[PDB]
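First up is the structure itself, then whatever we jot down about it.
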Amino acid sequence: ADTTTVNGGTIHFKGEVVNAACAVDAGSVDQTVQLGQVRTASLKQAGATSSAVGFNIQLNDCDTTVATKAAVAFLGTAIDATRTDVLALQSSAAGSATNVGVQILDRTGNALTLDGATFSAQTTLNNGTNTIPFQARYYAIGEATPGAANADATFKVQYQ
């Protein structure tokens with residue numbers, strides 16, 4: 001019955017990475033992130049964006065004698081071969097939106113290539129708790145069409 005909206009479900013992030021420097025918080029290893037609902041009229045041409053929502057990857061127990069910096073990379077399916085930082089939806093079949101994916105922006109506003117090897121801007125660590133912030137947002141690759149939108153990605157943390 002939806003003829004007018006991309007109707008955001010969740011983007012689901014998983015990232016079980018173990019390192020001596022810090023522990024990934026248990027609330028960060030398997031998280032969702034709701035984007036909600038956008039009229040297709042607002043995503044009518046390639047490059048249009050909407051509905052940026054924040055999420056964080058929290059590191060606990062950091063020890064700066066082990067690492068002074070951290071960064072995160074994300075892995076997922078590109079929506080097409082010429083849009084390497086736009087995550088395909090889990091489905092573009094009947095009932096799901098087409099011509100729209102999801103980008104993961106780091107704390108400097110840069111979209112991250114979804115190759116598991118393109119690291120965010122670094123957090124300069126303090127001992128203890130460190131919160132690395134991101135956003136997710138919709139990104140149109142053409143005239144978006146209506147339907148459900150859900151996506152999935154995994155993440156890794158690199159320390160130095």
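Letters A, B, ... mark the chains of the structure tokens in the order given; residue numbers begin at 1 per chain; ligand numbers begin at 1, in order shown.
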Item checked: strand (DSSP E) call set, DSSP backbone run, stretch 107-145 of chain A, as a PyMOL selection string -> chain A and resi 123-124+128-145
Selection above as a file: C-alpha atoms, as a short mmCIF file (atom, residue, chain, number, x, y, z; two decimals), in the first residue's frame:
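The resulting out_2.cif:
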```cif
data_model
loop_
_atom_site.label_atom_id
_atom_site.label_comp_id
_atom_site.auth_asym_id
_atom_site.auth_seq_id
_atom_site.Cartn_x
_atom_site.Cartn_y
_atom_site.Cartn_z
CA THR A 123 39.90 8.44 17.50
CA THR A 124 42.95 9.46 19.53
CA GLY A 128 39.22 3.72 29.43
CA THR A 129 36.07 4.43 27.44
CA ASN A 130 36.25 5.80 23.89
CA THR A 131 33.24 6.45 21.67
CA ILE A 132 33.76 6.45 17.90
CA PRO A 133 30.84 8.17 16.16
CA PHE A 134 29.30 7.53 12.73
CA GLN A 135 26.14 8.14 10.78
CA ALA A 136 24.08 6.17 8.35
CA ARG A 137 21.98 7.90 5.69
CA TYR A 138 19.99 7.13 2.55
CA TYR A 139 21.66 7.76 -0.83
CA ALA A 140 19.74 7.62 -4.12
CA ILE A 141 21.39 6.19 -7.27
CA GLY A 142 18.48 7.25 -9.49
CA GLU A 143 14.79 7.94 -9.06
CA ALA A 144 13.99 6.04 -5.88
CA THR A 145 10.94 3.79 -5.89
#
```
Which residues of stretch 14-80 of chain A come within 9 Å of stretch 150-156 of chain A, and for each one, what is the closest pair of atoms and their distance in Å to one decimal, counting only C-alpha atoms, sorted by chain and residue number, as CSV?
```
residue,atom,partner,partner_atom,distance
A:14,CA,A:154,CA,4.8
A:15,CA,A:155,CA,4.8
A:16,CA,A:156,CA,7.7
A:17,CA,A:156,CA,6.2
A:29,CA,A:155,CA,8.8
A:71,CA,A:156,CA,8.4
A:72,CA,A:156,CA,5.6
A:73,CA,A:156,CA,5.4
A:74,CA,A:155,CA,4.4
A:75,CA,A:154,CA,5.2
A:76,CA,A:153,CA,4.9
A:77,CA,A:153,CA,8.0
```
Item checked: Residue nearest residue A:27 - candidates A:65, A:99, A:60, A:122, atoms counted: only C-alpha atoms -> A:60
Notebook entry, point to check: Interatomic distance between atom CA of residue A:54 and atom CA of residue A:106?
Noted result: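 Going from atom CA of residue A:54 over to atom CA of residue A:106, I get 9.8 Å.
The residue that comes closest to residue A:158, out of A:114, A:26, A:67, A:6 and on the basis of only C-alpha atoms, is A:67.
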Check: Interatomic distance between atom CA of residue A:149 and atom CA of residue A:12?
Finding: 11.6 Å
Notebook entry, point to check: Of the candidates A:118, A:110, A:37, A:126, which one gets nearest to residue A:97 if we count only C-alpha atoms?
Noted result: A:37
Checklist line | Nearest candidate to residue A:61 (options A:160, A:40, A:103, A:19; using only C-alpha atoms) | finding: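 Closest candidate: A:19.
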Note to self: Using only C-alpha atoms for the distances, tell me which of A:38, A:62, A:21, A:46 is nearest to residue A:2.
What the structure shows: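 Answer, going by the shortest atom-to-atom distance: A:38.
Each of A:82, A:92, A:4, A:148 was checked against residue A:43 using only C-alpha atoms; the smallest atom-to-atom distance is that of A:4.
By only C-alpha atoms, and with residues fewer than 3 positions from residue A:28 along its chain excluded, the set lying at most 8 Å from it is residues 14, 15, 24, 25, 31, 56, 57 and 58 of chain A.
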